[PDB]
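Notes follow the structure.
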Amino acid sequence: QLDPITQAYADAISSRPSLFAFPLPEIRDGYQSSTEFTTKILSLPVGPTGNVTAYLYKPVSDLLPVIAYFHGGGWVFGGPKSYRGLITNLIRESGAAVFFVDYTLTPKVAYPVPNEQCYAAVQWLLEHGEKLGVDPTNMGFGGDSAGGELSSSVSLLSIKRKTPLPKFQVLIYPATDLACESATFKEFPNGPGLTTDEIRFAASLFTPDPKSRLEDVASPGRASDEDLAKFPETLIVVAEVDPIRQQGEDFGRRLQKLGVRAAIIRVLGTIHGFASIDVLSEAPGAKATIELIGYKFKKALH
Amino acid sequence: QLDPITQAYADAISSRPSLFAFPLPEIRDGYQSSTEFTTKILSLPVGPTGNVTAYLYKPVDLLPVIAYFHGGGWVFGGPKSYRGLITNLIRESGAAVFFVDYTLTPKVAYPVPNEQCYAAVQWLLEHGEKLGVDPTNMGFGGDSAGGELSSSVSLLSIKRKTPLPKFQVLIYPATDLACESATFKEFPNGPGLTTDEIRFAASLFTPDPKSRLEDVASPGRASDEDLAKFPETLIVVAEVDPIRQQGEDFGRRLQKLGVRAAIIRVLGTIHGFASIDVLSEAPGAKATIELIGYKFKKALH
Ligand SMILES: COCCOCCOCCOc1ccc(C(C)(C)CC(C)(C)C)cc1
């Protein structure tokens, strides 16, 4: 069922204790190990905590299109280092700038603070982007896993507050419903790459109050028909062997029914994380869909 | 379950009788109704009938070239009905397309279309350079019945030790003409392609069920040793499609045998989405059509 490269990776980490457990490391972001880009480090004096860290990445040589990217890692891990591979791929394929939001990780904060940090950073980009050489009117959203929850959350908050939506949104195996368990939870309870236990752990740090999980801002899969019908055109990519697979597909079908242009693609033989884990990302299906994502940002953002 | 555009297409034709029935339409290929590429009509003195017609399309040193084998149940299709997909492929891939206009059933039957396609490829390999294309940078593409033909030509290349393409794309392919698979039961008349249409096509192409067991007819049933030598392959499949299982199983089989094989399922769409003009503009269809072209572009150099 799994392709050899993905199977080899799964075998190599079956031996590893899960990192989603106490005590948490104090380093939450690190490198996993040809396209060049510039980096501007931004401390934005905005949002619930008074600061949001953002990195603006631009390809080398009028206004560049820009992808606001919200990284995954279960709201506990990740940052510019661990996502360097995906950011590079996005920049190589899309030709766009990447606005990478380095929001505060759990449990230093909890829902809805990372959501509002991401939302506030986007509002800043909208106002000041032109001065950094990007075109805020040509904006994409991207997010993977927990970042997919954040991407769709920020979209929903934009709809609620009547602030600009991106032209195009990509959700990669997104978490869309933190409250309910879906069919694939049962099908792949610890099926490699992501286990039901890791999911519960991440959800307990990000939304310690289970009642929070029912809110549409936490779980955009539970948003109203009226709000979701206003979503930007969206591409959803899911891994086949993945407890969280059902959430993305159901969310996409829901967008389709409501008249949003939404494409949904299932990649066979791969697992959660294939877009950001270097080893997984070189397998045929993963590699193909990663360049599709970048290619589709290139086509949508002009 | 289907996206609005695809659902509307399915509804608009739900009252129409299947075209896979007698009497057959007298036109077997027509426009669904070029300035982006040139067209050269080639009469190749090859194959069991002594002729194979091929169209060489070139976009605006040597061009990469995609040998394309069209679908239509072996009974229908040709350059006219595939004008939209070919146009898309050329735009997105930037490659030339060698479109094999093989003889349709039942004027001929298996294995003549297979052998026509194989022989047209051998001609391209020998003469491509003088046509301004690079035979060492070749792709295979095929949809549905054409996916049977594409994987059949690959299998024949291996058996006969002739050059393989660098990259192969199978779009909702038929890979096994002998067996009914799980999705036959799940979508027996699920729109776009029905189980009756499947058995109808097979009755003209392979009237003798024993032919269907042959690996050349059904590459999904080829030996491990042959399949392990397949070129790098991307398989794209529609979700609501009786034949969905065949493409997915074939890909899993290539993956296990150590061939680099990607398999992608497009949700909310049906058989034929890559060549039917209306279906091809829906989000999922459109994305995967550009994916296909885009990956030919990246693979062919
Ligand atoms: C009159 O002009 C019509 C020609 O265009 C129709 C064909 O193009 C769309 C593809 O439709 C099909 C439908 C069925 C099939 C077959 C029957 C080959 C599927 C199979 C082998 C799984 C039975 C192939 C293509």
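By order of appearance in the structure tokens: chains A, B, ..., then residues from 1 within every chain, and ligands from 1 in the order shown.
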
Contact table segment 133-244 of chain A vs segment 265-288 of chain B, cut-off 10 Å, shortest pair per residue, only C-alpha atoms, as CSV:
residue,atom,partner,partner_atom,distance
A:233,CA,B:283,CA,8.9
A:234,CA,B:283,CA,9.0
A:235,CA,B:284,CA,8.2
A:236,CA,B:284,CA,9.5
A:237,CA,B:266,CA,9.7
A:238,CA,B:265,CA,9.9
A:240,CA,B:265,CA,9.5

### Task
Quick one: everything within 7 Å of residue 43 of chain B, counting only C-alpha atoms, minus sequence neighbours fewer than 6 positions away in the same chain. Send it as number ranges by chain.
B: 51-54

Next, the residues of the selection above should be written as an mmCIF file, in the first residue's frame with N, CA and C atoms.
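Saved as selection-v1.cif:
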data_model
loop_
_atom_site.group_PDB
_atom_site.id
_atom_site.type_symbol
_atom_site.label_atom_id
_atom_site.label_comp_id
_atom_site.auth_asym_id
_atom_site.auth_seq_id
_atom_site.Cartn_x
_atom_site.Cartn_y
_atom_site.Cartn_z
ATOM 1 N N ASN B 51 -0.563 0.385 -43.091
ATOM 2 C CA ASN B 51 -0.584 1.822 -42.849
ATOM 3 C C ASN B 51 -1.007 2.171 -41.438
ATOM 4 N N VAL B 52 -0.358 3.183 -40.870
ATOM 5 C CA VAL B 52 -0.823 3.841 -39.651
ATOM 6 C C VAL B 52 -0.782 5.355 -39.864
ATOM 7 N N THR B 53 -1.906 6.019 -39.652
ATOM 8 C CA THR B 53 -1.937 7.471 -39.724
ATOM 9 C C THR B 53 -1.525 8.062 -38.385
ATOM 10 N N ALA B 54 -0.640 9.049 -38.420
ATOM 11 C CA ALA B 54 -0.231 9.747 -37.212
ATOM 12 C C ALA B 54 -0.215 11.244 -37.480
#

### Message
Near chain A, meaning an atom within 10 Å, which residues of chain B appear when counting only C-alpha atoms? Write them as a ChimeraX atom specification.
### Response
/B:1-5,232-239,248-249,251-269,282-288,290-292,294-295,298

### Message
Need the shell around segment 149-163 of chain A: protein/DNA/RNA residues with any atom at most 6 Å away, counting only C-alpha atoms. Skip same-chain ones fewer than 6 positions apart. Format as an NGL selection string?
### Response
:A and (115 or 119 or 143 or 174-176 or 217 or 220)

N, CA and C atoms of the current selection, written as an mmCIF file, in the first residue's frame:
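As a result, result.cif now contains:
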data_model
loop_
_atom_site.group_PDB
_atom_site.id
_atom_site.type_symbol
_atom_site.label_atom_id
_atom_site.label_comp_id
_atom_site.auth_asym_id
_atom_site.auth_seq_id
_atom_site.Cartn_x
_atom_site.Cartn_y
_atom_site.Cartn_z
ATOM 1 N N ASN A 115 -4.103 31.639 15.675
ATOM 2 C CA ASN A 115 -5.019 32.051 14.624
ATOM 3 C C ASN A 115 -5.019 33.564 14.426
ATOM 4 N N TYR A 119 -3.812 35.901 11.414
ATOM 5 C CA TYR A 119 -4.725 36.881 10.851
ATOM 6 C C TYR A 119 -4.105 38.274 10.895
ATOM 7 N N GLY A 143 -1.127 26.270 3.672
ATOM 8 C CA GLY A 143 -0.927 25.722 5.001
ATOM 9 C C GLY A 143 -1.047 24.213 4.989
ATOM 10 N N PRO A 174 -5.135 19.153 5.605
ATOM 11 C CA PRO A 174 -5.452 20.103 6.669
ATOM 12 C C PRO A 174 -6.232 19.456 7.790
ATOM 13 N N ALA A 175 -6.048 19.971 9.005
ATOM 14 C CA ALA A 175 -6.982 19.716 10.097
ATOM 15 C C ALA A 175 -8.117 20.710 9.924
ATOM 16 N N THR A 176 -9.345 20.221 9.868
ATOM 17 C CA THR A 176 -10.478 21.106 9.654
ATOM 18 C C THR A 176 -11.498 20.975 10.771
ATOM 19 N N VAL A 217 -14.003 29.106 14.209
ATOM 20 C CA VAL A 217 -12.651 29.645 14.094
ATOM 21 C C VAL A 217 -11.611 28.557 14.379
ATOM 22 N N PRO A 220 -12.774 25.144 11.023
ATOM 23 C CA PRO A 220 -13.494 25.784 9.911
ATOM 24 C C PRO A 220 -14.379 24.820 9.139
#

### Query
In segment 66-180 of chain B, what's helix (DSSP H, G or I) per DSSP? Answer as a ChimeraX atom specification?
/B:83-93,112-131,145-159

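Using only C-alpha atoms for every distance, the candidate list A:59, A:273, A:221, A:73 yields A:273 as the residue closest to residue 241 of chain A.
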
### Message
Can you tell me which residues surround residue 139 of chain B at a distance of at most 9 Å, considering only C-alpha atoms, apart from same-chain residues fewer than 2 positions away, and format the answer as a ChimeraX atom specification?
### Response
/B:64-68,137,141,164-169,296,299-300

Please produce a file of the residues just selected, as a PDB file, in the first residue's frame, where the atoms kept are N, CA and C atoms.
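Output (part_38.pdb):
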ATOM      1  N   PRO B  64      11.175  17.897 -27.295  1.00  0.00           N
ATOM      2  CA  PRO B  64      10.728  16.652 -26.667  1.00  0.00           C
ATOM      3  C   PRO B  64       9.441  16.201 -27.361  1.00  0.00           C
ATOM      4  N   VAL B  65       9.086  14.926 -27.274  1.00  0.00           N
ATOM      5  CA  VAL B  65       7.904  14.466 -27.981  1.00  0.00           C
ATOM      6  C   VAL B  65       7.113  13.478 -27.137  1.00  0.00           C
ATOM      7  N   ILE B  66       5.803  13.691 -27.103  1.00  0.00           N
ATOM      8  CA  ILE B  66       4.877  12.798 -26.425  1.00  0.00           C
ATOM      9  C   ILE B  66       4.099  11.952 -27.432  1.00  0.00           C
ATOM     10  N   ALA B  67       4.286  10.637 -27.393  1.00  0.00           N
ATOM     11  CA  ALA B  67       3.439   9.738 -28.178  1.00  0.00           C
ATOM     12  C   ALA B  67       2.123   9.590 -27.437  1.00  0.00           C
ATOM     13  N   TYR B  68       1.022  10.015 -28.059  1.00  0.00           N
ATOM     14  CA  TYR B  68      -0.260   9.993 -27.371  1.00  0.00           C
ATOM     15  C   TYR B  68      -1.200   8.966 -27.988  1.00  0.00           C
ATOM     16  N   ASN B 137      14.044  11.877 -25.928  1.00  0.00           N
ATOM     17  CA  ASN B 137      13.235  12.529 -24.907  1.00  0.00           C
ATOM     18  C   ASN B 137      11.748  12.314 -25.141  1.00  0.00           C
ATOM     19  N   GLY B 141       1.624   8.903 -23.448  1.00  0.00           N
ATOM     20  CA  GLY B 141       0.383   9.274 -22.781  1.00  0.00           C
ATOM     21  C   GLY B 141      -0.817   8.529 -23.355  1.00  0.00           C
ATOM     22  N   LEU B 164      12.327   2.424 -24.425  1.00  0.00           N
ATOM     23  CA  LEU B 164      11.211   2.906 -23.629  1.00  0.00           C
ATOM     24  C   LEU B 164      11.203   4.432 -23.560  1.00  0.00           C
ATOM     25  N   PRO B 165      10.038   5.038 -23.279  1.00  0.00           N
ATOM     26  CA  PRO B 165       9.997   6.488 -23.050  1.00  0.00           C
ATOM     27  C   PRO B 165      10.590   6.842 -21.705  1.00  0.00           C
ATOM     28  N   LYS B 166      10.946   8.108 -21.505  1.00  0.00           N
ATOM     29  CA  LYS B 166      11.433   8.576 -20.220  1.00  0.00           C
ATOM     30  C   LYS B 166      10.316   8.631 -19.191  1.00  0.00           C
ATOM     31  N   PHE B 167       9.089   8.839 -19.658  1.00  0.00           N
ATOM     32  CA  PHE B 167       7.990   9.108 -18.746  1.00  0.00           C
ATOM     33  C   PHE B 167       6.647   8.735 -19.393  1.00  0.00           C
ATOM     34  N   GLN B 168       5.748   8.162 -18.602  1.00  0.00           N
ATOM     35  CA  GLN B 168       4.459   7.689 -19.105  1.00  0.00           C
ATOM     36  C   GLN B 168       3.308   8.200 -18.242  1.00  0.00           C
ATOM     37  N   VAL B 169       2.258   8.712 -18.883  1.00  0.00           N
ATOM     38  CA  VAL B 169       1.056   9.126 -18.161  1.00  0.00           C
ATOM     39  C   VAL B 169      -0.157   8.285 -18.585  1.00  0.00           C
ATOM     40  N   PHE B 296       5.228  16.244 -17.826  1.00  0.00           N
ATOM     41  CA  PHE B 296       5.895  15.914 -19.086  1.00  0.00           C
ATOM     42  C   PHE B 296       7.008  16.942 -19.329  1.00  0.00           C
ATOM     43  N   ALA B 299       9.885  16.125 -16.911  1.00  0.00           N
ATOM     44  CA  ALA B 299      10.508  14.824 -17.121  1.00  0.00           C
ATOM     45  C   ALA B 299      11.249  14.752 -18.445  1.00  0.00           C
ATOM     46  N   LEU B 300      10.793  15.487 -19.454  1.00  0.00           N
ATOM     47  CA  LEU B 300      11.356  15.293 -20.788  1.00  0.00           C
ATOM     48  C   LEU B 300      12.488  16.274 -21.122  1.00  0.00           C
TER      49      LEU B 300
END
